[PDB]
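> Provided below: upload25.cif, containing mmCIF, N, CA and C atoms.
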data_run
loop_
_atom_site.group_PDB
_atom_site.id
_atom_site.type_symbol
_atom_site.label_atom_id
_atom_site.label_comp_id
_atom_site.auth_asym_id
_atom_site.auth_seq_id
_atom_site.Cartn_x
_atom_site.Cartn_y
_atom_site.Cartn_z
ATOM 1 N N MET A 1 -29.351 -8.268 -6.890
ATOM 2 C CA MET A 1 -29.984 -7.326 -5.921
ATOM 3 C C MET A 1 -31.220 -7.972 -5.283
ATOM 4 N N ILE A 2 -31.489 -7.634 -4.023
ATOM 5 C CA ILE A 2 -32.688 -8.099 -3.329
ATOM 6 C C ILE A 2 -33.903 -7.313 -3.810
ATOM 7 N N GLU A 3 -35.079 -7.736 -3.376
ATOM 8 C CA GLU A 3 -36.342 -7.161 -3.821
ATOM 9 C C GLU A 3 -36.561 -5.687 -3.567
ATOM 10 N N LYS A 4 -36.127 -5.215 -2.404
ATOM 11 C CA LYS A 4 -36.292 -3.816 -2.060
ATOM 12 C C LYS A 4 -35.490 -2.960 -3.033
ATOM 13 N N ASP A 5 -34.428 -3.525 -3.586
ATOM 14 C CA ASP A 5 -33.623 -2.751 -4.516
ATOM 15 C C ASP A 5 -34.359 -2.687 -5.882
ATOM 16 N N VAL A 6 -35.149 -3.709 -6.207
ATOM 17 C CA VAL A 6 -35.968 -3.715 -7.425
ATOM 18 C C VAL A 6 -37.092 -2.693 -7.291
ATOM 19 N N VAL A 7 -37.678 -2.607 -6.103
ATOM 20 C CA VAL A 7 -38.665 -1.578 -5.852
ATOM 21 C C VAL A 7 -38.103 -0.173 -6.193
ATOM 22 N N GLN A 8 -36.826 0.100 -5.890
ATOM 23 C CA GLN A 8 -36.263 1.407 -6.255
ATOM 24 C C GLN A 8 -36.111 1.611 -7.750
ATOM 25 N N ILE A 9 -35.586 0.618 -8.468
ATOM 26 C CA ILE A 9 -35.481 0.745 -9.912
ATOM 27 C C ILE A 9 -36.847 1.138 -10.482
ATOM 28 N N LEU A 10 -37.908 0.465 -10.057
ATOM 29 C CA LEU A 10 -39.214 0.771 -10.644
ATOM 30 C C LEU A 10 -39.725 2.176 -10.265
ATOM 31 N N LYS A 11 -39.351 2.649 -9.092
ATOM 32 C CA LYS A 11 -39.764 3.989 -8.652
ATOM 33 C C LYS A 11 -39.042 5.057 -9.486
ATOM 34 N N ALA A 12 -37.837 4.741 -9.946
ATOM 35 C CA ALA A 12 -37.072 5.678 -10.765
ATOM 36 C C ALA A 12 -37.650 5.773 -12.193
ATOM 37 N N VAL A 13 -38.025 4.633 -12.754
ATOM 38 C CA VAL A 13 -38.612 4.620 -14.077
ATOM 39 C C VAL A 13 -39.858 5.511 -14.046
ATOM 40 N N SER A 14 -40.627 5.350 -12.984
ATOM 41 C CA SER A 14 -41.826 6.154 -12.810
ATOM 42 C C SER A 14 -41.517 7.645 -12.621
ATOM 43 N N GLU A 15 -40.399 7.973 -11.988
ATOM 44 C CA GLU A 15 -40.079 9.390 -11.834
ATOM 45 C C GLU A 15 -39.714 10.002 -13.201
ATOM 46 N N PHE A 16 -39.002 9.239 -14.033
ATOM 47 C CA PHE A 16 -38.581 9.676 -15.361
ATOM 48 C C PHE A 16 -39.730 9.787 -16.335
ATOM 49 N N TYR A 17 -40.769 8.958 -16.175
ATOM 50 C CA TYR A 17 -41.904 8.933 -17.117
ATOM 51 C C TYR A 17 -43.298 9.165 -16.524
ATOM 52 N N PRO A 18 -43.503 10.330 -15.925
ATOM 53 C CA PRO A 18 -44.790 10.676 -15.322
ATOM 54 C C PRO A 18 -45.926 10.383 -16.289
ATOM 55 N N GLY A 19 -47.029 9.840 -15.782
ATOM 56 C CA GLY A 19 -48.165 9.476 -16.606
ATOM 57 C C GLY A 19 -47.996 8.577 -17.840
ATOM 58 N N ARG A 20 -46.915 7.798 -17.951
ATOM 59 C CA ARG A 20 -46.721 6.903 -19.108
ATOM 60 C C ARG A 20 -46.296 5.497 -18.704
ATOM 61 N N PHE A 21 -46.020 5.346 -17.416
ATOM 62 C CA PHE A 21 -45.602 4.087 -16.837
ATOM 63 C C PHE A 21 -46.351 3.910 -15.541
ATOM 64 N N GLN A 22 -47.417 3.114 -15.590
ATOM 65 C CA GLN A 22 -48.218 2.811 -14.408
ATOM 66 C C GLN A 22 -48.678 1.337 -14.481
ATOM 67 N N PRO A 23 -47.862 0.450 -13.920
ATOM 68 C CA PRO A 23 -48.170 -0.982 -13.910
ATOM 69 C C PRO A 23 -49.472 -1.197 -13.171
ATOM 70 N N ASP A 24 -50.374 -1.990 -13.745
ATOM 71 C CA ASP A 24 -51.666 -2.240 -13.127
ATOM 72 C C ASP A 24 -51.546 -3.050 -11.826
ATOM 73 N N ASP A 25 -50.425 -3.750 -11.638
ATOM 74 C CA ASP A 25 -50.198 -4.573 -10.441
ATOM 75 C C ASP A 25 -48.733 -4.461 -10.025
ATOM 76 N N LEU A 26 -48.397 -3.367 -9.341
ATOM 77 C CA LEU A 26 -47.012 -3.073 -8.985
ATOM 78 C C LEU A 26 -46.325 -4.241 -8.278
ATOM 79 N N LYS A 27 -46.970 -4.770 -7.248
ATOM 80 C CA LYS A 27 -46.400 -5.899 -6.527
ATOM 81 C C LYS A 27 -46.001 -7.040 -7.485
ATOM 82 N N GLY A 28 -46.837 -7.324 -8.485
ATOM 83 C CA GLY A 28 -46.555 -8.371 -9.465
ATOM 84 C C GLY A 28 -45.396 -8.062 -10.407
ATOM 85 N N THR A 29 -45.306 -6.811 -10.862
ATOM 86 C CA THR A 29 -44.193 -6.369 -11.682
ATOM 87 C C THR A 29 -42.875 -6.448 -10.897
ATOM 88 N N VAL A 30 -42.906 -6.102 -9.607
ATOM 89 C CA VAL A 30 -41.700 -6.200 -8.794
ATOM 90 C C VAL A 30 -41.225 -7.658 -8.754
ATOM 91 N N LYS A 31 -42.166 -8.560 -8.511
ATOM 92 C CA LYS A 31 -41.818 -9.959 -8.428
ATOM 93 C C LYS A 31 -41.215 -10.502 -9.746
ATOM 94 N N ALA A 32 -41.781 -10.128 -10.891
ATOM 95 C CA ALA A 32 -41.295 -10.654 -12.171
ATOM 96 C C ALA A 32 -39.952 -10.039 -12.610
ATOM 97 N N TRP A 33 -39.792 -8.714 -12.495
ATOM 98 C CA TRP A 33 -38.499 -8.094 -12.830
ATOM 99 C C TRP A 33 -37.358 -8.680 -11.925
ATOM 100 N N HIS A 34 -37.690 -9.040 -10.690
ATOM 101 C CA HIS A 34 -36.690 -9.622 -9.767
ATOM 102 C C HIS A 34 -36.104 -10.972 -10.200
ATOM 103 N N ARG A 35 -36.843 -11.751 -10.971
ATOM 104 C CA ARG A 35 -36.343 -13.024 -11.486
ATOM 105 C C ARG A 35 -35.154 -12.778 -12.412
ATOM 106 N N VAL A 36 -35.206 -11.660 -13.123
ATOM 107 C CA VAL A 36 -34.110 -11.268 -13.965
ATOM 108 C C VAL A 36 -33.089 -10.470 -13.148
ATOM 109 N N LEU A 37 -33.544 -9.527 -12.322
ATOM 110 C CA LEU A 37 -32.599 -8.630 -11.647
ATOM 111 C C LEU A 37 -31.777 -9.192 -10.477
ATOM 112 N N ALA A 38 -32.090 -10.386 -9.972
ATOM 113 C CA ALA A 38 -31.298 -10.953 -8.849
ATOM 114 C C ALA A 38 -29.823 -11.200 -9.161
ATOM 115 N N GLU A 39 -29.486 -11.269 -10.440
ATOM 116 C CA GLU A 39 -28.085 -11.527 -10.771
ATOM 117 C C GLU A 39 -27.248 -10.232 -10.904
ATOM 118 N N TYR A 40 -27.911 -9.063 -10.888
ATOM 119 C CA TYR A 40 -27.260 -7.757 -11.086
ATOM 120 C C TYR A 40 -27.108 -6.857 -9.828
ATOM 121 N N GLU A 41 -26.255 -5.831 -9.906
ATOM 122 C CA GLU A 41 -26.055 -4.889 -8.795
ATOM 123 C C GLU A 41 -26.845 -3.564 -8.954
ATOM 124 N N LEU A 42 -27.392 -3.069 -7.859
ATOM 125 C CA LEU A 42 -28.215 -1.874 -7.900
ATOM 126 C C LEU A 42 -27.543 -0.648 -8.606
ATOM 127 N N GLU A 43 -26.293 -0.370 -8.281
ATOM 128 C CA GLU A 43 -25.566 0.766 -8.840
ATOM 129 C C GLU A 43 -25.439 0.715 -10.376
ATOM 130 N N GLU A 44 -25.068 -0.439 -10.923
ATOM 131 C CA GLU A 44 -24.923 -0.573 -12.375
ATOM 132 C C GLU A 44 -26.208 -0.336 -13.156
ATOM 133 N N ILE A 45 -27.322 -0.904 -12.696
ATOM 134 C CA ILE A 45 -28.606 -0.797 -13.374
ATOM 135 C C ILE A 45 -29.196 0.622 -13.343
ATOM 136 N N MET A 46 -29.025 1.323 -12.225
ATOM 137 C CA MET A 46 -29.468 2.703 -12.068
ATOM 138 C C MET A 46 -28.723 3.601 -13.088
ATOM 139 N N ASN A 47 -27.415 3.362 -13.245
ATOM 140 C CA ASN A 47 -26.624 4.103 -14.224
ATOM 141 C C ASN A 47 -27.171 3.842 -15.647
ATOM 142 N N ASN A 48 -27.484 2.584 -15.963
ATOM 143 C CA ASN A 48 -28.058 2.244 -17.263
ATOM 144 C C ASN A 48 -29.441 2.915 -17.513
ATOM 145 N N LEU A 49 -30.261 3.072 -16.466
ATOM 146 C CA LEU A 49 -31.542 3.749 -16.633
ATOM 147 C C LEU A 49 -31.318 5.201 -17.007
ATOM 148 N N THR A 50 -30.351 5.839 -16.363
ATOM 149 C CA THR A 50 -30.031 7.199 -16.726
ATOM 150 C C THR A 50 -29.647 7.349 -18.216
ATOM 151 N N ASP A 51 -28.768 6.485 -18.740
ATOM 152 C CA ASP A 51 -28.374 6.646 -20.137
ATOM 153 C C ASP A 51 -29.573 6.395 -21.089
ATOM 154 N N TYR A 52 -30.459 5.483 -20.711
ATOM 155 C CA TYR A 52 -31.625 5.160 -21.511
ATOM 156 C C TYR A 52 -32.616 6.335 -21.612
ATOM 157 N N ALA A 53 -32.829 7.078 -20.527
ATOM 158 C CA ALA A 53 -33.804 8.164 -20.557
ATOM 159 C C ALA A 53 -33.323 9.382 -21.354
ATOM 160 N N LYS A 54 -32.021 9.477 -21.610
ATOM 161 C CA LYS A 54 -31.539 10.654 -22.292
ATOM 162 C C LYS A 54 -32.012 10.632 -23.748
ATOM 163 N N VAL A 55 -32.298 9.441 -24.282
ATOM 164 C CA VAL A 55 -32.651 9.357 -25.698
ATOM 165 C C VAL A 55 -33.945 8.628 -26.083
ATOM 166 N N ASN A 56 -34.789 8.250 -25.134
ATOM 167 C CA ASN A 56 -36.002 7.512 -25.436
ATOM 168 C C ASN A 56 -37.290 8.165 -24.961
ATOM 169 N N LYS A 57 -38.265 8.329 -25.880
ATOM 170 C CA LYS A 57 -39.602 8.837 -25.553
ATOM 171 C C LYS A 57 -40.466 7.815 -24.823
ATOM 172 N N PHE A 58 -40.206 6.515 -24.996
ATOM 173 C CA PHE A 58 -41.045 5.532 -24.316
ATOM 174 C C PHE A 58 -40.290 4.821 -23.186
ATOM 175 N N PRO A 59 -41.005 4.408 -22.156
ATOM 176 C CA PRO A 59 -40.372 3.761 -20.998
ATOM 177 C C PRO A 59 -39.673 2.449 -21.374
ATOM 178 N N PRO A 60 -38.639 2.062 -20.635
ATOM 179 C CA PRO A 60 -37.869 0.841 -20.940
ATOM 180 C C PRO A 60 -38.507 -0.471 -20.484
ATOM 181 N N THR A 61 -38.087 -1.613 -21.042
ATOM 182 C CA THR A 61 -38.478 -2.919 -20.495
ATOM 183 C C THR A 61 -37.285 -3.377 -19.661
ATOM 184 N N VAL A 62 -37.412 -4.491 -18.937
ATOM 185 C CA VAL A 62 -36.271 -4.891 -18.122
ATOM 186 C C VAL A 62 -35.125 -5.244 -19.010
ATOM 187 N N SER A 63 -35.370 -5.787 -20.210
ATOM 188 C CA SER A 63 -34.187 -6.077 -21.032
ATOM 189 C C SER A 63 -33.426 -4.816 -21.452
ATOM 190 N N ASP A 64 -34.080 -3.673 -21.524
ATOM 191 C CA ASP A 64 -33.347 -2.482 -21.970
ATOM 192 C C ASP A 64 -32.299 -1.972 -20.934
ATOM 193 N N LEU A 65 -32.320 -2.476 -19.698
ATOM 194 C CA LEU A 65 -31.435 -1.952 -18.651
ATOM 195 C C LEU A 65 -30.228 -2.829 -18.344
ATOM 196 N N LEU A 66 -30.116 -3.966 -18.994
ATOM 197 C CA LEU A 66 -28.994 -4.856 -18.679
ATOM 198 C C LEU A 66 -27.682 -4.487 -19.366
ATOM 199 N N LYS A 67 -27.766 -3.625 -20.377
ATOM 200 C CA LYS A 67 -26.536 -3.107 -21.011
ATOM 201 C C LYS A 67 -26.734 -1.642 -21.470
#
Can the structure from this file be put into structure tokens for me?


Amino acid sequence: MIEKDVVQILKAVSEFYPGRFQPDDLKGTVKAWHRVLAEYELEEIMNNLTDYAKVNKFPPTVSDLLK
């Protein structure tokens, strides 16, 4: 996925976890998660975020969304 698609993944994590996920440097987090996320598709990862939020009190790391 391109960068703008990474910006959406991060906006969703933030919607799921109000007041518990606030990166001090959003632009920087987008750039770093993209090094991992360029090999994946937007639709698959969004589906994985949904399954993760159904059972976790704490926000995910990028590794938690690849499967």

> Could you go through chain A and tell me which residues DSSP, when run on the backbone, assigns to helix (DSSP H, G or I), listing them as an NGL selection string?

:A and (3-16 or 26-37 or 42-53 or 62-65)

> Output N, CA and C atoms for every residue in that selection, as a short mmCIF file (atom, residue, chain, number, x, y, z; two decimals), in the frame of the given file.


data_model
loop_
_atom_site.label_atom_id
_atom_site.label_comp_id
_atom_site.auth_asym_id
_atom_site.auth_seq_id
_atom_site.Cartn_x
_atom_site.Cartn_y
_atom_site.Cartn_z
N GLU A 3 -35.08 -7.74 -3.38
CA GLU A 3 -36.34 -7.16 -3.82
C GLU A 3 -36.56 -5.69 -3.57
N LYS A 4 -36.13 -5.22 -2.40
CA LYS A 4 -36.29 -3.82 -2.06
C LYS A 4 -35.49 -2.96 -3.03
N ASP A 5 -34.43 -3.52 -3.59
CA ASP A 5 -33.62 -2.75 -4.52
C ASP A 5 -34.36 -2.69 -5.88
N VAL A 6 -35.15 -3.71 -6.21
CA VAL A 6 -35.97 -3.72 -7.42
C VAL A 6 -37.09 -2.69 -7.29
N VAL A 7 -37.68 -2.61 -6.10
CA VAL A 7 -38.66 -1.58 -5.85
C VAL A 7 -38.10 -0.17 -6.19
N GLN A 8 -36.83 0.10 -5.89
CA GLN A 8 -36.26 1.41 -6.26
C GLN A 8 -36.11 1.61 -7.75
N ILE A 9 -35.59 0.62 -8.47
CA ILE A 9 -35.48 0.74 -9.91
C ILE A 9 -36.85 1.14 -10.48
N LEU A 10 -37.91 0.46 -10.06
CA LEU A 10 -39.21 0.77 -10.64
C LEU A 10 -39.72 2.18 -10.26
N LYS A 11 -39.35 2.65 -9.09
CA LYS A 11 -39.76 3.99 -8.65
C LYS A 11 -39.04 5.06 -9.49
N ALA A 12 -37.84 4.74 -9.95
CA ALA A 12 -37.07 5.68 -10.76
C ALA A 12 -37.65 5.77 -12.19
N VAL A 13 -38.02 4.63 -12.75
CA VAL A 13 -38.61 4.62 -14.08
C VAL A 13 -39.86 5.51 -14.05
N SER A 14 -40.63 5.35 -12.98
CA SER A 14 -41.83 6.15 -12.81
C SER A 14 -41.52 7.64 -12.62
N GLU A 15 -40.40 7.97 -11.99
CA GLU A 15 -40.08 9.39 -11.83
C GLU A 15 -39.71 10.00 -13.20
N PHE A 16 -39.00 9.24 -14.03
CA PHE A 16 -38.58 9.68 -15.36
C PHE A 16 -39.73 9.79 -16.34
N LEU A 26 -48.40 -3.37 -9.34
CA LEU A 26 -47.01 -3.07 -8.98
C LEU A 26 -46.32 -4.24 -8.28
N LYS A 27 -46.97 -4.77 -7.25
CA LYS A 27 -46.40 -5.90 -6.53
C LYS A 27 -46.00 -7.04 -7.48
N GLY A 28 -46.84 -7.32 -8.48
CA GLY A 28 -46.56 -8.37 -9.46
C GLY A 28 -45.40 -8.06 -10.41
N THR A 29 -45.31 -6.81 -10.86
CA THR A 29 -44.19 -6.37 -11.68
C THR A 29 -42.88 -6.45 -10.90
N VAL A 30 -42.91 -6.10 -9.61
CA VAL A 30 -41.70 -6.20 -8.79
C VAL A 30 -41.22 -7.66 -8.75
N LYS A 31 -42.17 -8.56 -8.51
CA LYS A 31 -41.82 -9.96 -8.43
C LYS A 31 -41.22 -10.50 -9.75
N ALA A 32 -41.78 -10.13 -10.89
CA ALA A 32 -41.30 -10.65 -12.17
C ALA A 32 -39.95 -10.04 -12.61
N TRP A 33 -39.79 -8.71 -12.50
CA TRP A 33 -38.50 -8.09 -12.83
C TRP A 33 -37.36 -8.68 -11.92
N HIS A 34 -37.69 -9.04 -10.69
CA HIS A 34 -36.69 -9.62 -9.77
C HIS A 34 -36.10 -10.97 -10.20
N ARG A 35 -36.84 -11.75 -10.97
CA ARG A 35 -36.34 -13.02 -11.49
C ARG A 35 -35.15 -12.78 -12.41
N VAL A 36 -35.21 -11.66 -13.12
CA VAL A 36 -34.11 -11.27 -13.96
C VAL A 36 -33.09 -10.47 -13.15
N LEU A 37 -33.54 -9.53 -12.32
CA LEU A 37 -32.60 -8.63 -11.65
C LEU A 37 -31.78 -9.19 -10.48
N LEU A 42 -27.39 -3.07 -7.86
CA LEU A 42 -28.22 -1.87 -7.90
C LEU A 42 -27.54 -0.65 -8.61
N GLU A 43 -26.29 -0.37 -8.28
CA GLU A 43 -25.57 0.77 -8.84
C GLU A 43 -25.44 0.72 -10.38
N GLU A 44 -25.07 -0.44 -10.92
CA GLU A 44 -24.92 -0.57 -12.38
C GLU A 44 -26.21 -0.34 -13.16
N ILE A 45 -27.32 -0.90 -12.70
CA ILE A 45 -28.61 -0.80 -13.37
C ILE A 45 -29.20 0.62 -13.34
N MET A 46 -29.02 1.32 -12.22
CA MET A 46 -29.47 2.70 -12.07
C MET A 46 -28.72 3.60 -13.09
N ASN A 47 -27.42 3.36 -13.24
CA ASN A 47 -26.62 4.10 -14.22
C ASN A 47 -27.17 3.84 -15.65
N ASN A 48 -27.48 2.58 -15.96
CA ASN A 48 -28.06 2.24 -17.26
C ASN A 48 -29.44 2.92 -17.51
N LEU A 49 -30.26 3.07 -16.47
CA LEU A 49 -31.54 3.75 -16.63
C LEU A 49 -31.32 5.20 -17.01
N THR A 50 -30.35 5.84 -16.36
CA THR A 50 -30.03 7.20 -16.73
C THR A 50 -29.65 7.35 -18.22
N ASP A 51 -28.77 6.48 -18.74
CA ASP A 51 -28.37 6.65 -20.14
C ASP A 51 -29.57 6.40 -21.09
N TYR A 52 -30.46 5.48 -20.71
CA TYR A 52 -31.62 5.16 -21.51
C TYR A 52 -32.62 6.34 -21.61
N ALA A 53 -32.83 7.08 -20.53
CA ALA A 53 -33.80 8.16 -20.56
C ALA A 53 -33.32 9.38 -21.35
N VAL A 62 -37.41 -4.49 -18.94
CA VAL A 62 -36.27 -4.89 -18.12
C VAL A 62 -35.12 -5.24 -19.01
N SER A 63 -35.37 -5.79 -20.21
CA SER A 63 -34.19 -6.08 -21.03
C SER A 63 -33.43 -4.82 -21.45
N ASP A 64 -34.08 -3.67 -21.52
CA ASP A 64 -33.35 -2.48 -21.97
C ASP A 64 -32.30 -1.97 -20.93
N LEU A 65 -32.32 -2.48 -19.70
CA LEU A 65 -31.44 -1.95 -18.65
C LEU A 65 -30.23 -2.83 -18.34
#

> Have a look at A:61, A:56, A:14, A:50 and name the one nearest to residue 36 in chain A; count only C-alpha atoms.

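Closest to residue 36 in chain A of all the choices is A:61.
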
> Using Å and a single decimal, report how far CA of residue 57 in chain A sits from atom C of residue 22 in chain A.

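So the answer is 16.2 Å.
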
> Using only N, CA and C atoms, which of A:62, A:1, A:29, A:23 sits nearest residue 41 in chain A?

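The closest residue to residue 41 in chain A is A:1.
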
> Skipping near chain neighbours, those fewer than 4 positions away, what residues fall within 9 Å of residue 7 in chain A using only C-alpha atoms, listed as a list in words?

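Listed by chain and then number, they are residues 3, 11, 12, 27 and 30 of chain A.
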
> I need the residues from that last selection saved to file as a short mmCIF file (atom, residue, chain, number, x, y, z; two decimals), in the frame of the given file (with N, CA and C atoms), if you can.


data_model
loop_
_atom_site.label_atom_id
_atom_site.label_comp_id
_atom_site.auth_asym_id
_atom_site.auth_seq_id
_atom_site.Cartn_x
_atom_site.Cartn_y
_atom_site.Cartn_z
N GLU A 3 -35.08 -7.74 -3.38
CA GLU A 3 -36.34 -7.16 -3.82
C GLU A 3 -36.56 -5.69 -3.57
N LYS A 11 -39.35 2.65 -9.09
CA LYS A 11 -39.76 3.99 -8.65
C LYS A 11 -39.04 5.06 -9.49
N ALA A 12 -37.84 4.74 -9.95
CA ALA A 12 -37.07 5.68 -10.76
C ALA A 12 -37.65 5.77 -12.19
N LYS A 27 -46.97 -4.77 -7.25
CA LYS A 27 -46.40 -5.90 -6.53
C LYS A 27 -46.00 -7.04 -7.48
N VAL A 30 -42.91 -6.10 -9.61
CA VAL A 30 -41.70 -6.20 -8.79
C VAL A 30 -41.22 -7.66 -8.75
#

> Would you mind reading off the distance between atom C of residue 44 in chain A and CA of residue 18 in chain A, one decimal, in Å?

21.7 Å

> Taking only C-alpha atoms into account, name the residue in A:45, A:53, A:2, A:37 that is nearest to residue 15 in chain A.

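Smallest distance to residue 15 in chain A is found for A:53.
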
> Please report the interatomic distance between atom C of residue 48 in chain A and atom N of residue 34 in chain A in Å with one decimal.

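About the pair atom C of residue 48 in chain A and atom N of residue 34 in chain A: they are 16.0 Å apart.
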
> Of the residues A:6, A:46, A:26, A:13, which is the one nearest to residue 58 in chain A, using only C-alpha atoms?

A:13

> When distances are computed from only C-alpha atoms, which of A:49, A:55, A:43, A:60 shows the smallest separation from residue 5 in chain A?

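For residue 5 in chain A, the nearest of the given residues is A:43.
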